[PDB]
Amino acid sequence: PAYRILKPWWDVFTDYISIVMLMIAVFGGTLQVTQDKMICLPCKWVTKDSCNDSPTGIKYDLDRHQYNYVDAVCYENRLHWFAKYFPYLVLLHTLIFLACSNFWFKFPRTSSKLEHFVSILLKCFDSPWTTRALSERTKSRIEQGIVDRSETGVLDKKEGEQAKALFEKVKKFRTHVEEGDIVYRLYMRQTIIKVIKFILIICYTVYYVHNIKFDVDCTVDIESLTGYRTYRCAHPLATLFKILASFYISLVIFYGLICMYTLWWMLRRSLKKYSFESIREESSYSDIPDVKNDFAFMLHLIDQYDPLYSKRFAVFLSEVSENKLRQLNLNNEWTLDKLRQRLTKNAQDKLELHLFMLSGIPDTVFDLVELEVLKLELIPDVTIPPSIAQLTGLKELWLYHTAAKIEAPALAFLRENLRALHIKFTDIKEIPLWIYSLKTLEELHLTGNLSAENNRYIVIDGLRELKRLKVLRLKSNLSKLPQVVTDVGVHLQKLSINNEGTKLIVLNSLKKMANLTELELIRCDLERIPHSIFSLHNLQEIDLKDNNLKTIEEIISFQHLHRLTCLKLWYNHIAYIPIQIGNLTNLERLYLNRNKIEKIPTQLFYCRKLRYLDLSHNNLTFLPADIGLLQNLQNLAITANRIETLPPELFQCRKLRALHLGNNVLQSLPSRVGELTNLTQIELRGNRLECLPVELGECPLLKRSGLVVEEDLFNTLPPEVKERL
Amino acid sequence: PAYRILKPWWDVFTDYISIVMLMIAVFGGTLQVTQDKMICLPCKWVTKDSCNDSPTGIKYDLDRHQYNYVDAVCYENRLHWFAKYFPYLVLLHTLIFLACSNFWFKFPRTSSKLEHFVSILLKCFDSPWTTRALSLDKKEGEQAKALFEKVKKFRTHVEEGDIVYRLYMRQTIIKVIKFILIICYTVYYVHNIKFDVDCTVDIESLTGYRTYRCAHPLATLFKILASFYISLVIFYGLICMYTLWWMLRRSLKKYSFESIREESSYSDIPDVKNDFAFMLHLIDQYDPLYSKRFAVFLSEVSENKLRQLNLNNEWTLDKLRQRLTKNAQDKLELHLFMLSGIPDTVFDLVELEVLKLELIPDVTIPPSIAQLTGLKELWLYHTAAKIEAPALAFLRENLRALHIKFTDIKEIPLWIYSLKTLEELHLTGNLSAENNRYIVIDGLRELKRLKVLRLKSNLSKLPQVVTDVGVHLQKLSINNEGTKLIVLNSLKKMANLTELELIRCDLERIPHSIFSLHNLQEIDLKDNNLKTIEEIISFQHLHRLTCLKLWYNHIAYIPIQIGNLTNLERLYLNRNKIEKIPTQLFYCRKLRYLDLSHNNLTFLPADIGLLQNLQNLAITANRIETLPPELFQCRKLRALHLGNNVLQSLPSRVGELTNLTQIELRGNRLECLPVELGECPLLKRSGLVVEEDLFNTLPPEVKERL
């Protein structure tokens, strides 16, 4: 694996230098062992030393054998020890350089981190995901760039899984390697020792060259054995060894110069610190990490092998890349088969789908042409890719605290759709300035707490142009409603304020609007009904509940209005009903629930078209004979009021489909109510009935679904209601 | 591998010569170590002339050991300097030349370029796309595309390099320098190789004799080796000099594909001017075929074809036909919503009068439209606009209607004025005052032929290009924003105006420049800020109004000037909260269609019984009590839409008409329904939405009969 981490001036030159150094050691060694003769010969003209101060010949008269002895003595007991062991010296130095350059290689405490690093290196130029990743007023409303750049391509569960595995591995391997700096320390130590040995070697070997000589004056003490005292002696190899020493010294200098470069490099710039600054300078990916340890160091070393590596690695190790990967992987798995698992519907169905557990917006959801409603919950980076064009209808979109980043170029589609839009928000500005750009939005639901200032800025710029707004629901404190509401208010059909922090005067709004065909004040801290509410001639519905409203005495002037048709007064403190309610007959709904009503005058009977009445959780203990006049009564609750046994007027009606009786006193339901034949359900609970009537057989719609009873015995009818079930 | 980037008359020869030269160093080295003896011997003749010539023996009483000393001395400080180190001179230079040859390989900043270069060439060489490109099974697209992306990134990277070229030149130059020097030294120092030499070293104090004659035993082998060596080197040098000639008389820093371009299918190839060019020349030397395969692969024209084929192989004629539908004014509506371009197969659909394109980049519609017969209508929305096909005649014979939608300003093409046969145009988009004025002039000014024009936009002011073109205007519509109601000099210019529509515009009051337009014959005012009908008094004096829609407004009051009109075929009083209807509508006995809904009427007047031709009557969500008997005093009442009112039961008599085709009964709280209603021949569960069977006699009979 060394090849892919091969260092330009650390491994390349060192290996060739080392080979040459070894070669010269071997050459010299071979010669030193067998070609070194050291030819000595005696001399007669000895004056002081050197046998000088001087044809037939000399005739020294010595034995050929004894000359070899002299040679051996002069060789052993004289100078030039450097020359004698020069190739061994070279071999040692060569081996030192070779060994010191390769401690990390094949040594487990360092090779482990290199193996993890190299494994990554071999994946950066593989796993095609990498090369896909390498392919690269406003008012936060423009993102067509990313729409076309992604090319809506896929990974086919191959690049997806490969890249995912590599993300797990790059994060884990980095966490492992990043713990320390052993790889770093070894290279700094190695670089320094190479320089140290270099300096010492040159000093040592350039000095001992004066030792290599043509000849030597041999003055060893052997004349008592061999006759002559002084010998002159030649060393033929000495010429060659001066040459070899010179070549070795030059070779070491070259090595040294390169080693100084590498030591120079590792000191001039920090190597542990490392980041892909060059990538964020050139590439679209600014998401560049920086760590200071062995991982970064090893990346830095290979940065000088090939910049291409850095480009591949840098784009891979990114959260931008991972997020694009995840969205693509989402599409790979979250297909039509998975979307179908959640295609539910609740009421006014419109074929819903709610995506809650997704980390982003799938593209496959827009293949669900049949749906009209899409609910997005807690999903970040919602752009709504402009591939919603294959949908036909889109009647409702829920931005349930997701993201304000809706910038895809598909307003034309949305402007032909989205009758309704729901925005849930906990922050102030995650509400996009996108809403007003929609023109066909009729219904808008805004839920979250904004200050008066925030209401004014968000509503004026984000909503004011919704000329077709007909329905507006504000689940906000609304200490003041911005003038936008009153202006849309003249075309607005429904306005609903539903919050505990509601404390304000709405008289101006009511007067300006003068329409409000549906009005809701829920949990608003109200005690007083604003009197201008009676200018809403087309009010047609009013829901006053969960208020501090303790009176109905104020509803005197309701006849100023026409077609009221509905009055909801539940969960309030109206413990008493006056005789103004009897003048309200153009009413088709009335609800008095948990208001602690002690008494109701016979006034409800005047509203002979009431048909629907809720009398519950009131300390009333009474039923008037209004019930005998309202012969179109279809639904009535008489519960939690401790009423005595029901009076016979109970059944003097025609339908009373919903007969809800409970938490009262009823030893027995008047059996005659069973002859209405239109009972669909009878609730008989908490009343201590002794027995059940056996006249219910007359009614075909009291099969065992509507028999909400405690006893379910004392009868002959159980098999009839069971078979009908 | 490296083989394919080796130079034909350079590298194979360099390697063989280097091997032989090293062989000479090895032979000579071994020879020099064990065979060089220098047998020297003294002489007694005149030493002034190296022992000249002016049987038993000479004896020369010296010992054998002493002679070894003489030989050693003569060898060490006399002649044969060159011969003594000849094989080392050979080894050193041979290694230098060899190292120089391989210098560019395994070099820190050349290997990466070379490895990628070779891999790309091999992939291009063997890719089936290259073959097809010479003129995909849905996989060659991906493979070729991946190679194209890699090639573009590789080329971009190599584009900035000048390393491979320069290092090669430095290498060539140093080989030439060393070549000249090695010849100068090797050739010159040959006079020192002699068999017979004269040794006159000063060793008399040790040997008696000063002059020795001496025989170098390997003089001949070193002369032979040197001569053979010199010849090897000269040959090597010829190649080195050739290299410089080739490198200097050819730019090589640039490479053109002209010799291939005029033989192959492509034309779009740039002049390469960097290390890529140099590498290209080198493969051209090895084999030009690789230059060709690469060139054929790397082409934008080829990429275009590759992608086009991918479209054609997916969006086949069956795929297109299966997805071909029709919704209104049918004409074979084919929709292409997410394509990367337009497949050619769409133009073989000769019968495809309607093509709808959206979200398709770079649409160009190559002129193959001549293949088609009918192309009566074309919808280009939110796509691209690069159709410059030289085939206006085909387009002019067709394209009676164009529906083009935009998101910006400059996206709008000008293919409108060039088609003077255009009859109907629809434009939606982002407008401003000046932006619209400039574009509408360039777009519509010359279309005298235009009859129908509809604009969906934030216009804010009516342009005069439209009023001038508008003198031939049949139908005019504008919506989604209020404009200055420039009517005083617009309706008068247009003057034909046989169908006018105003939707979601800031109209509170009706303009009165329409009052004299007797040729109006159709008018639709809806979702406006209009809250009245006071203006419509003299308006209706015009004959042939035939249609008046005032729905979706705030008109809660109907006057009795409505009786001024006798010619109306459509009347819509929808969602205006009206509280009463006068018996002044019947005046238009040709009305036939009357929408009374989402009002606050609560009752109906005796007007229905005066319209014997009333066919379609909608009475819904008006809280109306039991309908008056005039309800069924008619002849047709095909559609009786009742709902969200108050009706205990239908009068049995309405079912005796028998021309009822549908009765809607939803939300009216009916207690029961009479049997006569089931006698009507066309109420056999034909759209008879009811809540319950309502105690009728023949609901299962009519269900089976249908």
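Residues numbered from 1 in each chain as written, not as in the entry; some residues may be left out. Chains lettered and ligands numbered in written order. Part of a larger assembly, values for the part shown. Heavy atoms only, no water. Residues with missing side-chain atoms left out of burial classes, pairs and counts.

Trainee: A description of the overall build of chain B should follow, citing residues and the corresponding values.
Mentor: When helices and strands are tallied, chain B shows 19 helices and 19 strands. Over its C-alpha trace chain B gives a radius of gyration of 52 Å, far above what one expects of a compact globule, namely 27 Å for 706 residues. (Helix = DSSP H or I, 4+ residues; strand = E, 2+ residues; numbered from the N terminus. Rg over C-alpha atoms; globule rule 2.2 N^0.38 Å.)

Trainee: Requested: an account of the overall build of chain A, with residues and values cited.
Mentor: What chain A contains, in helices and strands, is 21 helices and 21 strands. Here the C-alpha radius of gyration of chain A, 51 Å, is well above what a compact globule of 725 residues would show, namely 27 Å. With respect to the three principal axes, the spread of C-alpha positions in chain A is 170 × 65 × 45 Å.

Trainee: If you had to explain the pattern of salt bridges to someone new, which residues and values would you point to?
Mentor: What the rule picks out here adds up to 68 salt bridges over all chains. Residue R528 of chain A pairs with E554 of chain A through a salt bridge whose shortest N-O separation is 3.0 Å. On the criterion of sequence distance, the pair formed by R528 of chain A in the loop between β13 (518-522) and β14 (542-545) and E554 of chain A in the loop between β14 and β15 (565-568) is long-range, its members being 26 residues apart. A salt bridge links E569 of chain B to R592 of chain B; the shortest N-O distance between them is 2.7 Å. Separated by 23 residues along the polypeptide, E569 of chain B in strand β15 (residues 568-574) and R592 of chain B in the loop between β15 and β16 (593-597) bring together distant segments of the chain. Assessed through its relative accessible area of 29%, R592 of chain B is described here as partly exposed. Residues participating in the shared-partner salt-bridge network are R419, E442 and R468 of chain A together with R504 and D527 of chain B. (Salt bridge = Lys/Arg side-chain N within 4 Å of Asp/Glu carboxyl O. Buried < 20%, exposed > 50% of the residue type's maximum accessible area, 1.4 Å probe, protein only.)

Trainee: An account of the nonpolar core is requested, with residue identities and associated values reported.
Mentor: Soluble globular proteins tend to bury their nonpolar side chains together. Counting residues in hydrophobic clusters, the biggest one holds 118 residues, and the most contacted among them are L355, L376, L444, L650, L656 and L669 of chain A. The contact partners of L656 of chain A, leaving out residues within four places of it in the chain, are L633, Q634, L636, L650, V673, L676 and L679 of chain A. The next biggest cluster of nonpolar side chains, apart from the first, holds 113 residues, and it includes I416, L450, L520 and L617 of chain B. (Core = buried A, V, L, I, M, F, W, Y, C linked by side-chain atoms within 4.5 Å. Contact = heavy atoms within 4.5 Å.)

Trainee: A description of the interface of chain B and chain A should follow, citing residues and the corresponding values.
Mentor: Contact residues are listed per partner, giving 51 residues for chain B and 63 residues for chain A. Approximately 4,900 Å² of surface area, both sides summed, lies buried where chain B meets chain A, with 56% of it carried by carbon and sulfur atoms. Where chain B touches chain A, the interface holds seven salt bridges. In this structure, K467 of chain A engages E481 of chain B in a salt bridge whose closest nitrogen and oxygen atoms are separated by 2.9 Å. Top element by residues in the side of chain B that touches chain A is helix α2 (residues 64-77) of chain B. It accounts for nine residues. (Buried area = accessible area lost by both parts, 1.4 Å probe.)

Trainee: Break down the UniProt feature "disulfide bond" in chain A for me, with residues and values.
Mentor: Residues and elements named next belong to chain A. Measuring sulfur to sulfur gives 2.0 Å for the UniProt disulfide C40/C233, short enough to count as a bond. Neither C40 nor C233 differs from the other in exposure class; each is buried. Sulfur atoms of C43 and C51 sit 2.0 Å from each other, so the disulfide annotated by UniProt is realized in this structure. Like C51, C43 is buried. (Disulfide = S-S within 2.5 Å. UniProt positions renumbered as here; feature names shortened; annotations may be inferred.)

Trainee: I'd like a description of the state of the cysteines, backed by residues and values.
Mentor: Summed over the entire model, instances satisfying the criterion amount to six disulfides over all chains. Across a sulfur-sulfur distance of 2.0 Å, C40 of chain A and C233 of chain A are joined as a disulfide pair. On the S-S bond that ties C40 of chain A to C233 of chain A, the torsion sits near -70°, and the link is left-handed. According to the relative accessible area criterion, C40 of chain A is buried, its value standing at 0%. For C43 of chain B, the disulfide goes to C51 of chain B, at an S-S distance of 2.0 Å. Residues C43 of chain B and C51 of chain B are joined through a disulfide that is right-handed, its torsion about the S-S bond being 75°. Each bonded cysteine in chain B gets a number by its place in the sequence, and the pairs come out as 1-6, 2-3, 4-5. Disulfide partners in chain A, listed by the sequence order of the bonded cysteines, are 1-6, 2-3, 4-5.

Trainee: With reference to specific residues and values, describe the sheet that holds strand β3 (residues 212-215) of chain B.
Mentor: Residue and element names in this part refer to chain B. With respect to topology, three strands assemble into an open sheet ordered β1-β3-β2, the strand pairing being antiparallel. Both outer strands of the open sheet, β1 (39-42) and β2 (196-199), are each paired with one neighbouring strand and no more. For this sheet the average axis-to-axis angle between neighbouring strands, irrespective of direction, equals 25°. Contacts from α2 reach β1, β2 and β3, with the element oriented near 110° to β1. (Pairing = 2+ DSSP bridges. Axes fitted to C-alpha atoms, helices over the stretch in contact; angles between N-to-C directions.)

Trainee: Describe the sheet that holds strand β1 (residues 39-42) of chain A, with residues and values.
Mentor: Two strands in a sheet stick together by hydrogen bonds in their backbones, pointing the same way (parallel) or opposite ways (antiparallel). Residues and elements named next belong to chain A. Strand order in the open sheet formed by three strands is β1-β3-β2, with antiparallel pairing between adjacent strands. A single partner strand is all that each edge strand has here, and the edge strands are β1 and β2 (215-218). For this sheet, the mean inter-axis angle between neighbouring strands, taken without regard to orientation, is 20°. Bridging between β2 and strand β3 (residues 231-234) involves four bridges; their strand directions are antiparallel. Bridge pairing in β3 links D215 to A234. Packed on one face of the sheet, helix α2 (residues 64-76) meets β1, β2 and β3 and runs near 110° to β1.

Trainee: I'd like a rundown of α2 of chain B, residues and numbers included.
Mentor: Over its 14 residues, α2 of chain B runs 20 Å from end to end, which matches the ideal 20 Å to within 8%, given 1.5 Å per residue. Restricting attention to buried positions, one finds in α2 of chain B the residues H65, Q66, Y67, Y69, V70, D71, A72, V73, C74 and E76 of chain B. (Expected span 1.5 Å × (residues − 1).)

Trainee: Outline a nonpolar patch on the surface, supporting the account with residue identities and numerical values.
Mentor: All names here are of chain A. Side chains of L22, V26, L91, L95 and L98 sit close together on the surface and give an oily, nonpolar patch of about 380 Å² of accessible area. Among the secondary structure elements, those contributing two or more residues to the nonpolar patch are α1 (12-34) and α4 (86-100). Here the nonpolar patch takes three residues from α4, the largest share from any one element. Of note, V26 is situated in helix α1. On the basis of relative accessibility, which here comes to 47%, the residue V26 falls in the partly exposed class. (Patch = residues over 30% accessible without salt bridge, like charges linked within 9 Å, V, L, I, M, F, W, Y side chains within 5 Å. Areas by Shrake-Rupley, 256 points an atom, 1.4 Å probe, with all protein chains shown as cover.)

Trainee: Can you break down α1 of chain A residue by residue, with the values?
Mentor: Under the 1.5 Å per step criterion, the end-to-end length of α1 of chain A is 35 Å for 23 residues, consistent within 8% with the ideal 33 Å. Tucked inside the fold, the buried residues of α1 of chain A contact α2, α3 (81-84), α4 and α11 (237-268) of chain A together with α1 (11-35) of chain B.

Trainee: Which residues make up the packing of helix α9 (residues 182-207) of chain A against helix α13 (residues 294-303) of chain A, and what values do they have?
Mentor: All names here are of chain A. Between α9 and α13, the shortest axis-to-axis distance is 8 Å and the interhelical angle comes to 50°. When the interaxial angle is binned, α9 and α13 end up oblique. Residues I182, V183, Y184 and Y187 of α9 pack against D294, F297, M298 and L301 of α13. The residue makeup of the contact of α9 with α13, split by class, is seven nonpolar, no polar and one charged. (Parallel < 35°, antiparallel > 145°, perpendicular 65-115°, else oblique. Nonpolar A, V, L, I, M, F, W, Y, C, P; charged D, E, K, R; others polar.)

Trainee: With reference to specific residues and values, describe the packing of helix α5 (residues 108-124) of chain A against α9 of chain A.
Mentor: All names here are of chain A. α9 packs onto α5 with a crossing angle of 120° between their chain directions and a minimal axis gap of 9 Å. When the axes of α5 and α9 are compared, the crossing they make is left-handed. Contact residues: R109, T110, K113 and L114 in α5; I182, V183 and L186 in α9. Its residues placed into classes, the contact of α5 with α9 shows four nonpolar, one polar and two charged. (Left-handed = near helix turned anticlockwise from the far one by under 90°.)

Trainee: Describe unusual backbone geometry, with residues and values.
Mentor: Although it is not a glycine, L351 of chain A sits at a positive phi angle of roughly 55°. Secondary-structure assignment places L351 of chain A in the loop between α16 (336-339) and β6 (354-355).

Trainee: Explain the UniProt feature "disulfide bond" in chain B to me, and be specific about the residues and the numbers.
Mentor: Residues and elements named next belong to chain B. With a threshold of 2.5 Å on the sulfur distance, the UniProt-listed cystine of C40 and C214 is realised in this model at 2.0 Å. One exposure class covers both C40 and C214, and it is buried. Taking the pair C43 and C51, which UniProt gives as a disulfide, the gap between the sulfur atoms is 2.0 Å, short enough to count as bonded. Overall, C51 belongs to the buried group, its relative accessible area being 7%.

Trainee: Residue-level account of the side chain of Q32 of chain B, with values.
Mentor: All names here are of chain B. Along the chain, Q32 turns up in helix α1. Taking the relative accessible area as the measure of exposure, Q32 reaches 7% and is therefore buried. Within the structure, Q32 has its side chain in polar contact with the side chain of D36 (distance 2.8 Å). (Polar contact = N/O pair within 3.5 Å; in protein donor to acceptor, adjacent residues only side chain to side chain.)

Trainee: Got a sec to walk through the pairing of strand β7 (residues 377-381) of chain B? Specific residues and values, please.
Mentor: In regular strands, side chains alternate between the two faces of the sheet. Residues and elements named next belong to chain B. Along β7, four of the five residues are buried, which leaves the element largely enclosed by surrounding structure. Across five bridges, strand β6 (residues 354-358) lies against β7 in parallel orientation. In the sheet register, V354 faces β7, and the bridge partner there is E377. In this structure, β7 lies alongside strand β8 (residues 401-405), joined through five bridges in parallel fashion. Following the sheet pairing, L380 is matched in β8 by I404. Once the chain exits β7 it traverses helix α15 (residues 392-397) before rejoining the sheet at β8, and the crossover so formed is right-handed. (Right-handed = clockwise from strand over helix to strand, strands pointing away.)

Trainee: Describe the pairing of strand β9 (residues 420-424) of chain A, naming the residues involved and giving the relevant values.
Mentor: Residues and elements named next belong to chain A. Across the five residues of β9, four count as buried, placing the element largely inside the fold. As judged from the five bridges shared by strand β8 (residues 396-400) and β9, these two strands associate in the parallel manner. Note on β9: the bridge partner recorded for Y400 is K424. Where β9 meets strand β10 (residues 443-447), five bridges bridge the pair, whose relative direction is parallel. Bridged to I423 within β10 is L446.

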